[PDB]
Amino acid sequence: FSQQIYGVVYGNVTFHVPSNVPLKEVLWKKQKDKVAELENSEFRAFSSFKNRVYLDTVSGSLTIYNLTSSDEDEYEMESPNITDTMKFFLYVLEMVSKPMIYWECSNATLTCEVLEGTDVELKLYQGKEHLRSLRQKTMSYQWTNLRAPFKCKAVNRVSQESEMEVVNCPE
């Protein structure tokens, strides 16, 4: 088992583990270090996870609260009567802010940019047409026409915001 999980800074995520036969004990590790456990009928969390994790005693599912970038990592769940691995790679992303659109009339160049966001992609549209996408926080485009306004969308795994603007240039 392997799973890709996307969380937001300061938010939380739950690593859902197949719930059938209740687990008697369960151990969660972040890389090779202990995160939390249900051992000998007692619960305990370790290091940075004390006070910010919840462990489902039935399924063994782990919930991590108040995510921070350091939390981005591979996590593994183990239980005595569970043969196979339960691996989860958690990515912690900051949400995108609203994109800004500006232009230069002289060289008919339109630029879109966005300040905040992790692994952001900017997508540009004019009318109902998707003109381009770039995995960057700034993207420029030389326009051929101004028959419709431009829409720029900033998107990442955990969020998205867009801005729409009409270009004002002398004909």
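From 1 onward, residues are counted along the sequence shown.
Visitor: Quick one: higher average CA temperature factor, 96 to 104 or 80 to 88?
Guide: According to the entry, 80 to 88 carries the higher average C-alpha B-factor.
Visitor: Take the C-alpha B-factors listed in the entry for 145 to 153 and for 16 to 24, compute each mean, and give the stretch with the larger one.
Guide: The recorded data point to 16 to 24.
Visitor: Identify, among 66, 133, 118, 140, the residue whose C-alpha carries the highest B-factor in the deposited PDB entry.
Guide: Across 66, 133, 118, 140, the entry lists the biggest C-alpha B-factor for 66.
Visitor: Quick one: which of 109, 41, 51, 126 has the biggest Cα B-factor according to the entry?
Guide: In this record, 51 carries the highest C-alpha B-factor of the candidates.
Visitor: Mind checking which third residue 122 falls in for C-alpha B-factor across the chain?
Guide: Residue 122: CA B-factor falls in the lowest third of its chain.
Visitor: Can you tell me which third, lowest, middle or highest, the CA B-factor of residue 58 falls into for its chain?
Guide: CA B-factor rank for residue 58: highest third.
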